[PDB]
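All remarks here apply to the structure that follows.
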Amino acid sequence: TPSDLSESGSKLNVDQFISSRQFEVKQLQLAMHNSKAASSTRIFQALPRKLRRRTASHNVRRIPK
Amino acid sequence: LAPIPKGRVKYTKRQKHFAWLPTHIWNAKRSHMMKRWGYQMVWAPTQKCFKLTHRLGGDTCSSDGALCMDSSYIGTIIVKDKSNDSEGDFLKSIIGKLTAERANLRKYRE
Amino acid sequence: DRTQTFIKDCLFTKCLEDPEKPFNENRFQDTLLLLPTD
Amino acid sequence: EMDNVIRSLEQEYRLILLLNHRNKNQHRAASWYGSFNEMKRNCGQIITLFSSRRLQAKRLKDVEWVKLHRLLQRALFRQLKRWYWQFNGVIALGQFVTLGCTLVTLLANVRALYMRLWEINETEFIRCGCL
Amino acid sequence: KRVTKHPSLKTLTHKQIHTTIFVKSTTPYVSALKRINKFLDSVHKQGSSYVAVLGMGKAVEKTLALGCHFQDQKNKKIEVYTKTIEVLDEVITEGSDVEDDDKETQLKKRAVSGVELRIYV
Amino acid sequence: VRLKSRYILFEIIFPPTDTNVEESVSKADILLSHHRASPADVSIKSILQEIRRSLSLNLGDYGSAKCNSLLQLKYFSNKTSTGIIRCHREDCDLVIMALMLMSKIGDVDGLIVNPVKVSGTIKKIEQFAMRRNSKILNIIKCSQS
Amino acid sequence: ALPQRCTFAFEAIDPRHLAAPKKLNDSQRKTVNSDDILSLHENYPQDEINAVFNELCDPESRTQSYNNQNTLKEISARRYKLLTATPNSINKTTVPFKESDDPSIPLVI
RNA sequence: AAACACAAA
RNA sequence: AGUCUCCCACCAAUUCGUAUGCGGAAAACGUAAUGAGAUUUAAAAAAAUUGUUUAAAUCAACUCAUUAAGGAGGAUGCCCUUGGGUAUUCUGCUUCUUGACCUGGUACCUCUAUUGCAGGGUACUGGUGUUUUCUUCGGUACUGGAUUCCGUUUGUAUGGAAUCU
Ligand SMILES: [Mg+2]
Ligand SMILES: [Mg+2]
Ligand SMILES: [Mg+2]
């Protein structure tokens with residue numbers, strides 16, 4: 001079970017989630033890059049600051065009085 | 001003189017002096033707003049684009065992009081001659097009086 | 001988790017430039033909380 | 001042969017919806033959230049149609065085969081590359097990688113089920129009315 | 001007779017424009033060297049091999065000078081090609097007192113020889 | 001807050017002090033005869049101890065006390081004789097004058113120290129070192145003809 | 001490079017109709033000489049330009065353009081039902097134009 | 001260092 | 001500077017369809033008129049921020065509770081005494097997108113290729129109906145660049161797909 005039920009809500013563990021799905025990730029990486037899969041360098045670069053955004057709050061909203 | 005249109009009562013009640021562009025909310029959420037000549041136009045976007053406009057819209061060669069301007073604030077009049085449904089000999093003199101005869105020439109007409 | 005951590009490191013070495021940055025500064029949370037905010 | 005894949009896909013869709021319900025307000029204006037919400041649409045549209053396999057209880061389908069053939073070639077060779085690139089760019093930043101790796105794993109496990117469904121349905125796809 | 005000359009048609013898709021310097025008649029020598037070095041360093045990030053150096057008319061002499069500089073200074077293979085460039089010119093034809101700019105404009109073709117100079121890494 | 005650092009790039013140049021032998025006058029010939037190599041008895045702690053001794057010998061007690069607060073040799077390899085000395089923005093002049101007043105190594109004599117680039121970050125120092133290394137190859141290729 | 005006289009007017013589709021901004025056919029990009037710009041000054045459809053201008057000036061056609069302005073839900077349902085068409089060999093993410101239940105929009109450049 | 005977090009303190 | 005809030009895709013609308021003192025896209029946002037209040041209080045004492053961290057003779061400062069936009073008539077006060085201008089208060093009109101959500105019944109049309117029946121839409125009536133998950137849960141959208149193949153006045157004047165980074 002990648003997710004279980006606990007005290008507050010449901011807990012999802014990244015460990016087993018990516019452990020059980022490993023060969024699928026390998027096949028995905030092989031389908032994306034063929035000759036660069038054997039190499040280990042920087043393919044993905046930093047996101048431009050123009051496209052960079054900011055994080056909002058976790059609440060819904062505050063109504064006017 | 002045509003009045004302001006009928007959009008949303010809430011937003012229409014806000015202006016009451018300066019009309020709103022059909023992209024007012026978008027520009028206000030993207031660029032800055034100001035109200036000078038009975039209207040509300042854009043001043044400048046949040047991100048600085050001094051050197052960006054030069055390399056994009058200017059006379060430069062290395063310009064890979066485009067710039068879009070909401071220029072709906074520019075008001076226009078359509079004039080038609082109803083003295084007859086034929087050549088506008090009245091509109092000729094009207095334009096020659098309104099602007100210099102540069103406007104009233106064979107090039108801009110033909 | 002050891003081979004799992006090796007897989008995560010070989011995955012982070014493609015996106016990030018320093019693979020042992022988050023594990024050293026403790027940014028890889030082992031638990032994902034899923035609950036409506038109360 | 002089909003029920004296992006359907007159960008796997010609905011189990012993935014449940015986790016997708018559960019984490020979306022919580023990350024809806026945290027990351028509102030985000031580029032990767034667009035792809036994440038775009039994936040859930042296709043997932044649910046395939047899930048409702050293959051749940052209709054049990055909604056009817058007949059021989060499988062007559063035209064929903066064509067519907068599936070239309071809906072399968074929109075995320076496999078069309079929107080897989082950009083999705084993967086954005087799911088890796090959200091990790092390359094370094095701010096939020098804990099859910100980024102999980103999202104990458106979600107995509108990796110979801111595309112495998114789609115490929116399995118394609119390679120299974122090849123025979124009746126080429127048999128019924130097309131391909 | 002009043003006649004004006006517009007630039008020549010340039011149809012470059014996305015990357016022919018990047019790794020290409022158009023040497024003007026007023027472009028300085030050192031600025032051209034700097035831009036050529038920047039282009040040479042950015043080519044393999046753009047994904048090309050060479051840098052195009054295009055000049056026509058008066059700037060052909062200093063374009064060939066730019067080429068001869070990197071010929072032996074940095075020991076980089078250069079290629080010189082001779083091409084033809086067609087330019088459209090608006091002329092006024094005789095046919096009261098109007099503005100000089102607002103007259104009958106007729107397009108006329110004019111061919112000029114130019115030099116393209118490619119530099120390898 | 002930020003600690004204001006200022007790295008110092010120095011080179012060890014060996015003048016061809018030999019009056020009995022005739023020499024070739026050119027650019028790359030003298031560049032090769034001045035950049036021949038560093039001796040084996042060359043390391044980081046042997047150069048740091050020498051510069052620490054010279055600092056106390058030239059400036060004094062307080063001059064060494066104020067300068068030895070952040071005096072470290074970050075990167076140095078004896079194959080190319082290029083070193084990066086970290087110091088404060090206040091004591092950069094002191095370290096430069098000490099590197100100028102460097103007489104000799106305790107066992108190796110006949111050498112000079114040349115400060116080339118001074119900057120407040122290591123990235124620009126590395127970029128300038130790469131540019132200098134690229135420039136060095138040009139005269140070599142030209143003279144090999 | 002283009003001359004002074006350049007005015008292109010026609011009747012376009014509502015931009016909400018398109019799903020993605022698909023680029024035009026790019027195959028004759030290499031065969032672009034000055035003869036085409038020379039012929040552009042000669043070949044010009046004045047009739048359609050004047051028709052579009054009169055449609056935009058007249059307040060009757062300008063209001064008739066607002067005859068059937070479909071909503072985002074309408075276009076969404078049309079795109080959802082374009083999934084099941086008669087040609088079951090090509091995937092089309094767009095919706096065809098109709099000469100009866102669709103608005104023709106006059107535009108000027 | 002800065003900058004980030006329903007962390008951690 | 002700060003462990004504060006918000007914008008940085010849209011949606012004739014399960015999408016805060018919010019004409020609510022004014023300005024404002026929003027904001028734990030600015031300000032205006034009146035009345036009251038002090039662990040005996042709506043709430044300060046025995047989310048963020050701040051060394052002291054509002055007041056507690058009067059003033060000054062903080063908190064909360066009311067005042068919807070425009071046009072017309074009458075009364076009062078001021079310069080002015082044909083008349084006109086400003087401020088306050090009472091009657092009262094204009095500002096109009098067949099919309100809380102959800103259940104049941106009736107009436108009409110389409111698909112599944114005869115029917116009773118099975119599902120969706122619209123028009124009407126009746127009702128608090130276990131809407132106790134009192135914090136996110138709706139719809140659509142491949143936004144880097146290069147090249148190649150195929151069909152076209154029988155229909156659409158442009159569409160389909162492929163390889164590499
Ligand atoms: Mg700071
Ligand atoms: Mg800080
Ligand atoms: Mg800060």
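Each chain in the structure tokens gets a letter, A, B and so on, in the order shown; residues start at 1 in every chain, and ligands are counted from 1 in the order they appear.
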
Fill in: Residues within 12 Å of residue 62 in chain A, only C-alpha atoms (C1' of nucleotides), excluding chain neighbours under 4 positions, as a PyMOL selection string
(chain A and resi 57-58) or (chain I and resi 5-6+16+26-28+47+135)

Kindly export the residues of the current selection with C-alpha atoms (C1' of nucleotides), as a PDB file, in the first residue's frame.
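And here's out_32.pdb as it stands now:
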ATOM      1  CA  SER A  57      -1.445  30.357   1.215  1.00  0.00           C
ATOM      2  CA  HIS A  58      -3.040  27.025   2.111  1.00  0.00           C
TER       3      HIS A  58
ATOM      4  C1'   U I   5      -1.406  38.806   2.730  1.00  0.00           C
ATOM      5  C1'   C I   6      -2.271  38.927  -2.749  1.00  0.00           C
ATOM      6  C1'   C I  16     -16.513  33.410  -3.580  1.00  0.00           C
ATOM      7  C1'   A I  26      -7.341  41.514  -5.399  1.00  0.00           C
ATOM      8  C1'   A I  27      -5.183  42.393  -0.707  1.00  0.00           C
ATOM      9  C1'   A I  28      -4.446  40.184   7.950  1.00  0.00           C
ATOM     10  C1'   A I  47      -1.617  34.666  11.281  1.00  0.00           C
ATOM     11  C1'   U I 135     -10.927  25.162   4.865  1.00  0.00           C
TER      12        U I 135
END

Using only C-alpha atoms (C1' of nucleotides) and all ligand atoms, find each protein or nucleic acid residue lying at most 8 Å from ligand 1; present the set as a PDB file with N, CA, C and O atoms (P, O5', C5', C4', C3', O3' and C1' of nucleotides), in the first residue's frame.
ATOM      1  P     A H   2      21.493  34.914   5.106  1.00  0.00           P
ATOM      2  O5'   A H   2      20.799  35.494   3.794  1.00  0.00           O
ATOM      3  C5'   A H   2      20.864  36.878   3.481  1.00  0.00           C
ATOM      4  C4'   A H   2      20.565  37.124   2.024  1.00  0.00           C
ATOM      5  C3'   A H   2      19.201  36.657   1.540  1.00  0.00           C
ATOM      6  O3'   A H   2      18.170  37.588   1.819  1.00  0.00           O
ATOM      7  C1'   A H   2      20.860  35.886   0.052  1.00  0.00           C
ATOM      8  P     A H   3      16.812  37.105   2.529  1.00  0.00           P
ATOM      9  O5'   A H   3      16.100  36.206   1.425  1.00  0.00           O
ATOM     10  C5'   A H   3      15.729  36.752   0.168  1.00  0.00           C
ATOM     11  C4'   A H   3      15.417  35.670  -0.832  1.00  0.00           C
ATOM     12  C3'   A H   3      14.366  34.659  -0.401  1.00  0.00           C
ATOM     13  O3'   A H   3      13.043  35.127  -0.597  1.00  0.00           O
ATOM     14  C1'   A H   3      16.244  33.515  -1.256  1.00  0.00           C
TER      15        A H   3
ATOM     16  P     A I   1      15.385  42.099   2.062  1.00  0.00           P
ATOM     17  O5'   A I   1      15.622  42.690   3.522  1.00  0.00           O
ATOM     18  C5'   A I   1      16.745  42.297   4.297  1.00  0.00           C
ATOM     19  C4'   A I   1      16.486  42.474   5.772  1.00  0.00           C
ATOM     20  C3'   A I   1      15.300  41.702   6.330  1.00  0.00           C
ATOM     21  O3'   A I   1      15.617  40.353   6.626  1.00  0.00           O
ATOM     22  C1'   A I   1      15.202  43.942   7.075  1.00  0.00           C
TER      23        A I   1
END

Item to complete: Please identify all polymer residues within 7 Å of range 2-19 of chain C, counting only C-alpha atoms (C1' of nucleotides), omitting same-chain residues fewer than 5 positions from it, and present them as a count of residues only.
Response: 10

Taking only C-alpha atoms into account, produce a table as a tab-separated table in which each residue of chain D with an atom at most 8 Å from an atom of chain A appears once, together with its shortest atom pair and the distance in Å to one decimal, ordered by chain and rising number.
residue	atom	partner	partner_atom	distance
D:25	CA	A:58	CA	5.4
D:26	CA	A:58	CA	5.1
D:27	CA	A:55	CA	5.6
D:28	CA	A:56	CA	6.9
D:29	CA	A:53	CA	6.9
D:30	CA	A:53	CA	6.6
D:31	CA	A:51	CA	8.0
D:81	CA	A:32	CA	7.3
D:85	CA	A:44	CA	7.7
D:88	CA	A:44	CA	7.1
D:89	CA	A:44	CA	6.5
D:92	CA	A:46	CA	6.1
D:93	CA	A:46	CA	6.0
D:102	CA	A:14	CA	6.5
D:105	CA	A:18	CA	6.2
D:108	CA	A:25	CA	5.3
D:109	CA	A:24	CA	6.1
D:112	CA	A:24	CA	6.6

For the residues in that selection, give me N, CA and C atoms as an mmCIF file, in the first residue's frame.
data_model
loop_
_atom_site.group_PDB
_atom_site.id
_atom_site.type_symbol
_atom_site.label_atom_id
_atom_site.label_comp_id
_atom_site.auth_asym_id
_atom_site.auth_seq_id
_atom_site.Cartn_x
_atom_site.Cartn_y
_atom_site.Cartn_z
ATOM 1 N N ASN D 25 -4.640 24.911 -3.526
ATOM 2 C CA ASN D 25 -4.425 26.269 -3.041
ATOM 3 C C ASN D 25 -2.964 26.598 -2.776
ATOM 4 N N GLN D 26 -2.123 25.592 -2.529
ATOM 5 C CA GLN D 26 -0.712 25.850 -2.258
ATOM 6 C C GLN D 26 -0.016 26.428 -3.485
ATOM 7 N N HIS D 27 -0.114 25.734 -4.615
ATOM 8 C CA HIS D 27 0.458 26.193 -5.875
ATOM 9 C C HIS D 27 -0.671 26.467 -6.864
ATOM 10 N N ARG D 28 -1.195 27.693 -6.809
ATOM 11 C CA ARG D 28 -2.299 28.070 -7.686
ATOM 12 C C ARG D 28 -1.796 28.421 -9.080
ATOM 13 N N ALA D 29 -0.916 29.417 -9.175
ATOM 14 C CA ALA D 29 -0.365 29.857 -10.455
ATOM 15 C C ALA D 29 0.989 29.186 -10.648
ATOM 16 N N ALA D 30 0.980 28.038 -11.322
ATOM 17 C CA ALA D 30 2.194 27.283 -11.594
ATOM 18 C C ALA D 30 2.096 26.650 -12.972
ATOM 19 N N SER D 31 3.245 26.522 -13.641
ATOM 20 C CA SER D 31 3.259 25.919 -14.969
ATOM 21 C C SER D 31 3.126 24.404 -14.901
ATOM 22 N N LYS D 81 6.335 14.258 -23.618
ATOM 23 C CA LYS D 81 7.625 14.926 -23.501
ATOM 24 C C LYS D 81 7.535 16.196 -22.668
ATOM 25 N N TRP D 85 9.297 16.953 -19.089
ATOM 26 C CA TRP D 85 10.229 18.070 -18.980
ATOM 27 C C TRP D 85 9.817 19.020 -17.861
ATOM 28 N N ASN D 88 10.344 17.410 -14.416
ATOM 29 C CA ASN D 88 11.746 17.468 -14.019
ATOM 30 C C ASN D 88 12.221 18.893 -13.755
ATOM 31 N N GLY D 89 11.637 19.887 -14.427
ATOM 32 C CA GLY D 89 11.995 21.266 -14.151
ATOM 33 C C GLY D 89 11.493 21.751 -12.807
ATOM 34 N N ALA D 92 14.281 20.564 -10.718
ATOM 35 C CA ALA D 92 15.555 21.241 -10.946
ATOM 36 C C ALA D 92 15.630 22.568 -10.197
ATOM 37 N N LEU D 93 14.477 23.162 -9.874
ATOM 38 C CA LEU D 93 14.465 24.408 -9.115
ATOM 39 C C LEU D 93 15.052 24.207 -7.722
ATOM 40 N N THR D 102 7.494 12.503 -6.652
ATOM 41 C CA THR D 102 6.280 11.694 -6.633
ATOM 42 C C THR D 102 5.460 11.905 -7.899
ATOM 43 N N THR D 105 7.124 9.990 -10.653
ATOM 44 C CA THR D 105 6.815 8.570 -10.506
ATOM 45 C C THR D 105 5.374 8.276 -10.916
ATOM 46 N N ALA D 108 5.396 8.133 -14.622
ATOM 47 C CA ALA D 108 6.065 6.922 -15.085
ATOM 48 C C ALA D 108 5.171 5.699 -14.930
ATOM 49 N N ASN D 109 4.408 5.631 -13.838
ATOM 50 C CA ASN D 109 3.510 4.502 -13.622
ATOM 51 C C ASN D 109 2.222 4.611 -14.428
ATOM 52 N N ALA D 112 2.942 3.594 -18.275
ATOM 53 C CA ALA D 112 3.092 2.155 -18.464
ATOM 54 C C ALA D 112 1.742 1.470 -18.634
#

Item to complete: Determine, counting only C-alpha atoms (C1' of nucleotides), which protein, DNA and RNA residues have an atom within 8 Å of an atom of residue 31 in chain B; residues of the same chain fewer than 4 positions away are not included. Present the result as an NGL selection string.
Response: :B and (27 or 42-46)

Item to complete: Write out as number ranges by chain all residues of chain A that backbone DSSP assigns to alpha helix (DSSP H).
Response: A: 14-20, 23-32

Worksheet item: Near chain I, which residues of chain B fall within 7 Å when you count only C-alpha atoms (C1' of nucleotides), and what do they look like as an MDAnalysis selection string?
Response: chainID B and resid 9:10 25 28:30

Practice prompt. Could you please determine the separation between CA of residue 71 in chain B and CA of residue 108 in chain B in Å, to one decimal place?
Written response: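 Computed distance, CA of residue 71 in chain B to CA of residue 108 in chain B, equals 23.1 Å.
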